[PDB]
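Down below is the structure, laid out as structure tokens.
Laboratory data are not the source of any read-out in this text; all were calculated from the coordinates shown. Virtual Cβ from ideal backbone geometry, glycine too; neighbours counted across all protein chains shown.
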Amino acid sequence: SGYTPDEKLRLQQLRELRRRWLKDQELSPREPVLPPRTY
Amino acid sequence: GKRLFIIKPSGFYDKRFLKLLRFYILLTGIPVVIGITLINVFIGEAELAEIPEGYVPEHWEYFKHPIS
């Protein structure tokens, strides 16, 4: 009742996709926000 | 992470319409407000007295305010 090995590979490479997509998703190159152009 | 990338529906159309709407409502708001202020200031509102003897009062001026 462990798994289907097919599902092991599927889950694995889906993890790959989450990896790359979230690497993308973190954004801080070049501080992308650049809006213009006592008494 | 350091700074995540947020996902918002959009900023342009809402803010734009508001900028426009304010622009026009103000555009004829300011002259009118200024007017009510002036005729409130330099021209006096009005004062009562009473109907003179044997005198025909005009149509208007039965009413206090000048814009009336």
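Let me spell out the model: positive unit charges on the Cβ of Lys and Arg, negative unit charges on the Cβ of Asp and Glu, origin at the Cα centre of segment B:11-68. What dipole size does that give, in debye rounded to 20?
Values: 5 positive and 7 negative charges, 189 e Å.
Roughly 900 debye for segment B:11-68.
Sort the protein assembly as shown into rounded, prolate or oblate with this rule: let a ≥ b ≥ c be the square roots of the eigenvalues of the Cα gyration tensor; rounded if a/c is under 1.5, and if a/c is not under 1.5, prolate when a/b is larger than b/c, oblate otherwise.
Taking the square roots of the gyration eigenvalues as a ≥ b ≥ c, the protein assembly as shown is prolate.
Relative to the longest principal axis of the C-alpha atoms of chain B, give the angle of the C-alpha long axis of helix B:29-41, reported between 0 and 90° and rounded to the nearest 10°.
30
Please give me, ordered by residue number, the trypsin sites (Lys or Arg not before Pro) of chain B that lie in loop per DSSP and have at most 12 other Cβ atoms within 10 Å. Before the final figure, lay out the partial values.
On the way: sites: B:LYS2, B:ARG3, B:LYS15, B:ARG16, B:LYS19, B:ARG22, B:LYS64; in loops: B:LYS2, B:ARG3, B:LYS64.
Answer in residue order: B:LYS2, B:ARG3, B:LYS64.
When the helix-only estimate is applied to the protein assembly as shown (DSSP H runs of n ≥ 4, each -39,500 (n - 2.57), divided by the residue count), what is the mean residue ellipticity at 222 nm, nearest 500 deg cm²/dmol?
Details: 3 runs with 50 residues, N = 107.
Computed ellipticity for the protein assembly as shown at 222 nm equals -15500 deg cm²/dmol.
Using a Gaussian network model of chain B whose springs link C-alpha atoms within less than 10 Å, name the residue from B:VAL41, B:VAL56, B:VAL32 with the highest mean-square fluctuation.
B:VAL56
Taking K and R as +1 and D and E as -1, what net charge do the other residues with C-beta under 15 Å from the C-beta of B:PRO57 add up to? If you can, show how the numbers build up before the last one.
On the way: positive: B:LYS64; negative: B:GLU47, B:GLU50, B:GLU53, B:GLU58, B:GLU61.
Around B:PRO57, the charge tally is -4.
To the nearest Å, what is the center-to-center distance of segment B:1-65 and chain A, using C-alpha atoms only?
Using only Cα atoms to place each centre, the spacing works out to 53 Å.
In whole Å and largest first, what semi-axes does the C-alpha gyration tensor of chain B yield when each eigenvalue is scaled by 5 and square-rooted? Working shown, then result.
On the way: eigenvalues 617, 27, 16 Å².
One finds semi-axes of 56, 12, 9 Å for chain B.
Helix B:12-27: angle to the longest alpha-carbon principal axis of chain B, degrees 0 to 90, nearest 10?
Computed tilt is about 20 degrees.
If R0 is 22 Å, what FRET efficiency do you get for B:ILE39 and B:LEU18 from their C-beta distance, rounded to 0.05?
0.10
Along Cα→Cβ, 7 Å out, is where each label goes; now give me the distance between the ones at B:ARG3 and B:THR28 in nm to one decimal.
It works out to 4.4 nm between the two label points.
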